[PDB]
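Next comes upload10.pdb, with PDB, C-alpha atoms.
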MODEL        1
ATOM      1  CA  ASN A 232     -23.151 -70.141 -87.251  1.00  0.00           C
ATOM      2  CA  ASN A 233     -21.031 -73.100 -86.140  1.00  0.00           C
ATOM      3  CA  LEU A 234     -23.116 -74.320 -83.214  1.00  0.00           C
ATOM      4  CA  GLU A 235     -21.697 -77.810 -83.583  1.00  0.00           C
ATOM      5  CA  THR A 236     -19.205 -76.566 -80.994  1.00  0.00           C
ATOM      6  CA  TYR A 237     -21.851 -76.379 -78.287  1.00  0.00           C
ATOM      7  CA  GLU A 238     -23.780 -79.278 -76.732  1.00  0.00           C
ATOM      8  CA  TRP A 239     -27.370 -78.099 -76.692  1.00  0.00           C
ATOM      9  CA  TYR A 240     -27.093 -77.778 -80.454  1.00  0.00           C
ATOM     10  CA  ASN A 241     -28.304 -80.928 -82.186  1.00  0.00           C
ATOM     11  CA  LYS A 242     -29.459 -81.083 -85.808  1.00  0.00           C
ATOM     12  CA  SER A 243     -29.101 -84.842 -86.272  1.00  0.00           C
ATOM     13  CA  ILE A 244     -31.994 -85.089 -83.799  1.00  0.00           C
ATOM     14  CA  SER A 245     -35.708 -84.524 -84.432  1.00  0.00           C
ATOM     15  CA  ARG A 246     -38.515 -83.462 -82.102  1.00  0.00           C
ATOM     16  CA  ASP A 247     -39.687 -86.999 -81.427  1.00  0.00           C
ATOM     17  CA  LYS A 248     -36.087 -87.992 -80.698  1.00  0.00           C
ATOM     18  CA  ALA A 249     -35.584 -84.767 -78.751  1.00  0.00           C
ATOM     19  CA  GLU A 250     -38.572 -85.425 -76.519  1.00  0.00           C
ATOM     20  CA  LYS A 251     -37.470 -89.005 -75.855  1.00  0.00           C
ATOM     21  CA  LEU A 252     -33.769 -88.341 -75.551  1.00  0.00           C
ATOM     22  CA  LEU A 253     -34.445 -85.733 -72.887  1.00  0.00           C
ATOM     23  CA  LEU A 254     -36.752 -88.176 -71.173  1.00  0.00           C
ATOM     24  CA  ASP A 255     -33.825 -90.533 -70.649  1.00  0.00           C
ATOM     25  CA  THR A 256     -32.154 -87.857 -68.540  1.00  0.00           C
ATOM     26  CA  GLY A 257     -35.059 -87.869 -66.087  1.00  0.00           C
ATOM     27  CA  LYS A 258     -33.587 -84.791 -64.386  1.00  0.00           C
ATOM     28  CA  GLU A 259     -35.213 -81.459 -63.621  1.00  0.00           C
ATOM     29  CA  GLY A 260     -33.673 -78.611 -65.624  1.00  0.00           C
ATOM     30  CA  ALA A 261     -32.546 -80.889 -68.459  1.00  0.00           C
ATOM     31  CA  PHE A 262     -32.373 -78.366 -71.303  1.00  0.00           C
ATOM     32  CA  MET A 263     -31.173 -78.562 -74.895  1.00  0.00           C
ATOM     33  CA  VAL A 264     -31.555 -76.996 -78.359  1.00  0.00           C
ATOM     34  CA  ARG A 265     -32.668 -78.300 -81.729  1.00  0.00           C
ATOM     35  CA  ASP A 266     -31.671 -76.747 -85.047  1.00  0.00           C
ATOM     36  CA  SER A 267     -34.563 -75.479 -87.165  1.00  0.00           C
ATOM     37  CA  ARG A 268     -35.132 -75.254 -90.912  1.00  0.00           C
ATOM     38  CA  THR A 269     -35.367 -71.490 -90.514  1.00  0.00           C
ATOM     39  CA  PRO A 270     -32.300 -69.496 -91.708  1.00  0.00           C
ATOM     40  CA  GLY A 271     -31.749 -68.536 -88.071  1.00  0.00           C
ATOM     41  CA  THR A 272     -34.271 -69.622 -85.463  1.00  0.00           C
ATOM     42  CA  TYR A 273     -33.387 -72.842 -83.620  1.00  0.00           C
ATOM     43  CA  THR A 274     -35.504 -74.229 -80.783  1.00  0.00           C
ATOM     44  CA  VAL A 275     -34.790 -74.624 -77.076  1.00  0.00           C
ATOM     45  CA  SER A 276     -36.011 -78.032 -75.899  1.00  0.00           C
ATOM     46  CA  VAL A 277     -36.534 -77.662 -72.139  1.00  0.00           C
ATOM     47  CA  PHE A 278     -37.337 -80.843 -70.219  1.00  0.00           C
ATOM     48  CA  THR A 279     -38.385 -80.564 -66.573  1.00  0.00           C
ATOM     49  CA  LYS A 280     -40.078 -83.372 -64.650  1.00  0.00           C
ATOM     50  CA  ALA A 281     -43.164 -81.316 -63.787  1.00  0.00           C
ATOM     51  CA  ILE A 282     -46.840 -80.890 -64.634  1.00  0.00           C
ATOM     52  CA  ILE A 283     -49.495 -83.290 -63.340  1.00  0.00           C
ATOM     53  CA  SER A 284     -51.628 -83.773 -66.447  1.00  0.00           C
ATOM     54  CA  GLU A 285     -48.623 -84.974 -68.421  1.00  0.00           C
ATOM     55  CA  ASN A 286     -45.356 -85.940 -66.750  1.00  0.00           C
ATOM     56  CA  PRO A 287     -42.638 -85.858 -67.798  1.00  0.00           C
ATOM     57  CA  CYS A 288     -43.190 -83.006 -70.255  1.00  0.00           C
ATOM     58  CA  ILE A 289     -41.113 -81.184 -72.850  1.00  0.00           C
ATOM     59  CA  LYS A 290     -41.212 -77.416 -73.292  1.00  0.00           C
ATOM     60  CA  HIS A 291     -40.535 -76.263 -76.827  1.00  0.00           C
ATOM     61  CA  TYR A 292     -39.404 -72.658 -76.370  1.00  0.00           C
ATOM     62  CA  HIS A 293     -38.958 -71.549 -79.960  1.00  0.00           C
ATOM     63  CA  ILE A 294     -36.572 -68.598 -79.752  1.00  0.00           C
ATOM     64  CA  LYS A 295     -38.638 -65.605 -80.834  1.00  0.00           C
ATOM     65  CA  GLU A 296     -36.992 -64.420 -84.035  1.00  0.00           C
ATOM     66  CA  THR A 297     -36.989 -60.618 -84.242  1.00  0.00           C
ATOM     67  CA  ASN A 298     -35.577 -59.678 -87.636  1.00  0.00           C
ATOM     68  CA  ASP A 299     -34.170 -56.397 -86.300  1.00  0.00           C
ATOM     69  CA  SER A 300     -30.864 -54.779 -85.377  1.00  0.00           C
ATOM     70  CA  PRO A 301     -30.069 -55.682 -82.721  1.00  0.00           C
ATOM     71  CA  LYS A 302     -33.328 -57.281 -81.540  1.00  0.00           C
ATOM     72  CA  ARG A 303     -33.094 -60.873 -82.774  1.00  0.00           C
ATOM     73  CA  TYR A 304     -33.589 -63.858 -80.453  1.00  0.00           C
ATOM     74  CA  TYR A 305     -35.152 -63.806 -77.000  1.00  0.00           C
ATOM     75  CA  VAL A 306     -37.564 -65.762 -74.774  1.00  0.00           C
ATOM     76  CA  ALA A 307     -38.855 -63.784 -71.789  1.00  0.00           C
ATOM     77  CA  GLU A 308     -39.900 -60.400 -73.190  1.00  0.00           C
ATOM     78  CA  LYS A 309     -37.404 -59.176 -70.602  1.00  0.00           C
ATOM     79  CA  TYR A 310     -34.138 -58.878 -72.559  1.00  0.00           C
ATOM     80  CA  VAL A 311     -33.124 -59.676 -76.132  1.00  0.00           C
ATOM     81  CA  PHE A 312     -29.908 -61.339 -77.293  1.00  0.00           C
ATOM     82  CA  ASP A 313     -28.172 -61.125 -80.665  1.00  0.00           C
ATOM     83  CA  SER A 314     -27.114 -64.761 -80.347  1.00  0.00           C
ATOM     84  CA  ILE A 315     -28.276 -68.123 -78.959  1.00  0.00           C
ATOM     85  CA  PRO A 316     -25.128 -68.872 -76.886  1.00  0.00           C
ATOM     86  CA  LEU A 317     -26.061 -65.853 -74.763  1.00  0.00           C
ATOM     87  CA  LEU A 318     -29.667 -66.775 -74.110  1.00  0.00           C
ATOM     88  CA  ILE A 319     -28.476 -70.262 -73.266  1.00  0.00           C
ATOM     89  CA  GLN A 320     -25.841 -68.988 -70.855  1.00  0.00           C
ATOM     90  CA  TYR A 321     -27.629 -65.989 -69.403  1.00  0.00           C
ATOM     91  CA  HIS A 322     -30.134 -68.522 -68.108  1.00  0.00           C
ATOM     92  CA  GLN A 323     -27.533 -71.020 -66.904  1.00  0.00           C
ATOM     93  CA  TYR A 324     -27.423 -69.143 -63.639  1.00  0.00           C
ATOM     94  CA  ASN A 325     -28.577 -65.716 -62.432  1.00  0.00           C
ATOM     95  CA  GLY A 326     -32.265 -65.559 -63.317  1.00  0.00           C
ATOM     96  CA  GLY A 327     -34.562 -64.921 -66.260  1.00  0.00           C
ATOM     97  CA  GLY A 328     -37.909 -65.744 -67.824  1.00  0.00           C
ATOM     98  CA  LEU A 329     -37.748 -69.534 -67.887  1.00  0.00           C
ATOM     99  CA  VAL A 330     -40.067 -72.046 -66.254  1.00  0.00           C
ATOM    100  CA  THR A 331     -36.939 -73.774 -64.978  1.00  0.00           C
ATOM    101  CA  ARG A 332     -33.838 -71.573 -65.262  1.00  0.00           C
ATOM    102  CA  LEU A 333     -31.422 -73.594 -67.371  1.00  0.00           C
ATOM    103  CA  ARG A 334     -28.990 -75.445 -65.135  1.00  0.00           C
ATOM    104  CA  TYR A 335     -28.518 -78.841 -66.767  1.00  0.00           C
ATOM    105  CA  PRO A 336     -27.504 -79.271 -70.464  1.00  0.00           C
ATOM    106  CA  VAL A 337     -27.863 -82.532 -72.408  1.00  0.00           C
ATOM    107  CA  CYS A 338     -25.879 -84.189 -75.202  1.00  0.00           C
ATOM    108  CA  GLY A 339     -26.098 -87.151 -77.557  1.00  0.00           C
TER     109      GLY A 339
ATOM    110  CA  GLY B 169     -66.647 -72.479 -63.702  1.00  0.00           C
ATOM    111  CA  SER B 170     -63.591 -71.504 -65.745  1.00  0.00           C
ATOM    112  CA  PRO B 171     -65.513 -68.734 -67.577  1.00  0.00           C
ATOM    113  CA  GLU B 172     -62.775 -66.430 -68.895  1.00  0.00           C
ATOM    114  CA  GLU B 173     -59.936 -67.066 -66.432  1.00  0.00           C
ATOM    115  CA  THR B 174     -58.893 -70.429 -64.988  1.00  0.00           C
ATOM    116  CA  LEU B 175     -56.867 -71.222 -61.858  1.00  0.00           C
ATOM    117  CA  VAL B 176     -53.543 -73.033 -61.442  1.00  0.00           C
ATOM    118  CA  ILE B 177     -51.568 -74.554 -58.568  1.00  0.00           C
ATOM    119  CA  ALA B 178     -47.970 -75.553 -57.765  1.00  0.00           C
ATOM    120  CA  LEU B 179     -47.275 -79.289 -57.679  1.00  0.00           C
ATOM    121  CA  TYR B 180     -43.938 -79.124 -55.861  1.00  0.00           C
ATOM    122  CA  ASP B 181     -42.480 -76.416 -53.603  1.00  0.00           C
ATOM    123  CA  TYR B 182     -41.065 -74.004 -56.175  1.00  0.00           C
ATOM    124  CA  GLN B 183     -39.295 -71.046 -54.558  1.00  0.00           C
ATOM    125  CA  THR B 184     -38.933 -67.544 -55.977  1.00  0.00           C
ATOM    126  CA  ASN B 185     -35.398 -66.775 -57.136  1.00  0.00           C
ATOM    127  CA  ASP B 186     -36.227 -63.197 -58.046  1.00  0.00           C
ATOM    128  CA  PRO B 187     -38.864 -60.466 -57.378  1.00  0.00           C
ATOM    129  CA  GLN B 188     -40.155 -60.973 -60.928  1.00  0.00           C
ATOM    130  CA  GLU B 189     -40.963 -64.616 -60.308  1.00  0.00           C
ATOM    131  CA  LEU B 190     -43.847 -65.528 -57.993  1.00  0.00           C
ATOM    132  CA  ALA B 191     -43.236 -67.687 -54.930  1.00  0.00           C
ATOM    133  CA  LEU B 192     -45.471 -70.741 -54.510  1.00  0.00           C
ATOM    134  CA  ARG B 193     -46.395 -72.787 -51.448  1.00  0.00           C
ATOM    135  CA  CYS B 194     -46.971 -76.396 -52.548  1.00  0.00           C
ATOM    136  CA  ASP B 195     -50.769 -76.302 -52.151  1.00  0.00           C
ATOM    137  CA  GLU B 196     -51.348 -72.581 -52.768  1.00  0.00           C
ATOM    138  CA  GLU B 197     -53.438 -71.381 -55.732  1.00  0.00           C
ATOM    139  CA  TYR B 198     -54.246 -68.295 -57.789  1.00  0.00           C
ATOM    140  CA  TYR B 199     -55.860 -67.163 -61.073  1.00  0.00           C
ATOM    141  CA  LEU B 200     -54.706 -66.804 -64.686  1.00  0.00           C
ATOM    142  CA  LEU B 201     -54.172 -63.446 -66.392  1.00  0.00           C
ATOM    143  CA  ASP B 202     -51.887 -64.423 -69.286  1.00  0.00           C
ATOM    144  CA  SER B 203     -52.202 -68.023 -70.499  1.00  0.00           C
ATOM    145  CA  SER B 204     -51.142 -67.031 -73.984  1.00  0.00           C
ATOM    146  CA  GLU B 205     -47.521 -67.010 -72.847  1.00  0.00           C
ATOM    147  CA  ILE B 206     -45.661 -70.306 -73.203  1.00  0.00           C
ATOM    148  CA  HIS B 207     -43.287 -69.603 -70.310  1.00  0.00           C
ATOM    149  CA  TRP B 208     -44.857 -67.809 -67.351  1.00  0.00           C
ATOM    150  CA  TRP B 209     -48.604 -67.357 -66.752  1.00  0.00           C
ATOM    151  CA  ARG B 210     -49.020 -64.051 -64.932  1.00  0.00           C
ATOM    152  CA  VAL B 211     -50.962 -65.252 -61.945  1.00  0.00           C
ATOM    153  CA  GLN B 212     -52.364 -63.330 -58.984  1.00  0.00           C
ATOM    154  CA  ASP B 213     -52.063 -64.689 -55.458  1.00  0.00           C
ATOM    155  CA  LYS B 214     -55.119 -64.120 -53.293  1.00  0.00           C
ATOM    156  CA  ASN B 215     -52.805 -62.290 -50.895  1.00  0.00           C
ATOM    157  CA  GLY B 216     -51.850 -59.975 -53.772  1.00  0.00           C
ATOM    158  CA  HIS B 217     -48.538 -61.487 -54.888  1.00  0.00           C
ATOM    159  CA  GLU B 218     -48.390 -60.962 -58.640  1.00  0.00           C
ATOM    160  CA  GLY B 219     -45.402 -62.433 -60.416  1.00  0.00           C
ATOM    161  CA  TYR B 220     -44.296 -64.760 -63.181  1.00  0.00           C
ATOM    162  CA  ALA B 221     -45.128 -68.279 -61.937  1.00  0.00           C
ATOM    163  CA  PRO B 222     -43.666 -71.477 -63.520  1.00  0.00           C
ATOM    164  CA  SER B 223     -46.034 -72.873 -66.138  1.00  0.00           C
ATOM    165  CA  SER B 224     -44.614 -76.375 -65.740  1.00  0.00           C
ATOM    166  CA  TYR B 225     -44.991 -76.690 -61.989  1.00  0.00           C
ATOM    167  CA  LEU B 226     -48.366 -75.151 -62.686  1.00  0.00           C
ATOM    168  CA  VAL B 227     -51.525 -76.672 -64.139  1.00  0.00           C
ATOM    169  CA  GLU B 228     -55.011 -75.314 -64.776  1.00  0.00           C
ATOM    170  CA  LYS B 229     -57.260 -76.578 -62.015  1.00  0.00           C
ATOM    171  CA  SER B 230     -60.043 -77.007 -64.579  1.00  0.00           C
ATOM    172  CA  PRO B 231     -63.533 -78.300 -63.602  1.00  0.00           C
TER     173      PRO B 231
ENDMDL
END
Would you mind giving the structure from this file in C-alpha cells?
Amino acid sequence: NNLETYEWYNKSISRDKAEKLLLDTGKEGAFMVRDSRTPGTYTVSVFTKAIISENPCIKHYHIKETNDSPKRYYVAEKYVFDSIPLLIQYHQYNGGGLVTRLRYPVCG
Amino acid sequence: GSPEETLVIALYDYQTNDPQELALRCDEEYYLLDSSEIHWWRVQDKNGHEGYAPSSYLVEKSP
C-alpha cells in the first residue's frame, strides 16, 4: 500500500527517532505512524504530554493484525477497519478507543 | 497494598467525550480491572462510574 501519500506514515524513521521526533512537537494529541517489517502491520506512535512517572511519554499502539476477512487492523476492540487510513481518520474526530483521540498529526 | 488490583488517578482534568469513556475529576481516583490493555484500563469509580479511562492521564498509585 502506498502510504507515502499520508503524513503519519514514516518508514525512514525508527522508534528511537520516532519517540524523539514526536517529543519535539511537545503538543498533546501529537500522533503518527511508523512502518513495520511485517507484511502489513504498521505502528501508531501516539505522543501525549501526560503521565507523571514518565513525561513526556510515547504510546506505541501496534495495530492489532487480524488475518481475517474483513477483520484486519483495529485498536479499541470496538470496531475493526480493513485499512490504516480509516483507523487514523475515524479517530481524528468523533470518538473511539484511544487514550487521546487523534487530533494532531506529525510529519518529518 | 496493591495485592491483585492497583489504583490510578487523573493528572489533569480529562473530560468524557462519550458514554464509553469515563469522566475524571483532577484528583479523583478508582481501581484497576483491566491493566492488560494498552489503551484504556477499565476502572471503577467509587460512585459507580465504570468506563474506559485514559491510561496516559492515568498512573498506578502504587505503594
| request: Identify every residue of chain A that has at least one atom within 6 Å of any atom of chain B, counting only C-alpha atoms, and report the result as a PyMOL selection string. | output: chain A and resi 281-282+330
| task | Find the distance between atom CA of residue B:203 and atom CA of residue A:258 and write it in Å to one decimal. | result |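 It comes out at 25.8 Å.
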| task | Counting all atoms listed in the file, figure out which residue out of B:175, B:184, B:169, B:196 gets nearest to residue A:331. | result |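 So, comparing all the options, the nearest one is B:184.
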| query | Which residues come within 12 Å of stretch 309-326 of chain A, counting only C-alpha atoms, excluding same-chain residues fewer than 5 positions away, as an NGL selection string? | reply | (:A and (232-240 or 260-266 or 271-277 or 292-304 or 331-336)) or (:B and (184-189 or 207-208 or 220))
| request: Compute the distance from (-51.2, -62.3, -62.5) to each atom, counting only C-alpha atoms, keep the residues with any atom at most 7 Å away, and return them as a list in words; use the coordinates of the file. | output: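 Protein, DNA and RNA residues close to (-51.2, -62.3, -62.5): residues 199, 200, 201, 210, 211, 212, 218 and 219 of chain B.
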| field | Point-to-point distance in Å for atom CA of residue A:328 and atom CA of residue A:252 | value | 24.2 Å
Assuming 8 Å of padding per side, give the centre and edge lengths of the axis-aligned box around every listed atom of stretch 264-283 of chain A, in Å to one decimal and as JSON.
{"center_x": -40.5, "center_y": -76.0, "center_z": -77.5, "size_x": 33.9, "size_y": 30.8, "size_z": 44.4}
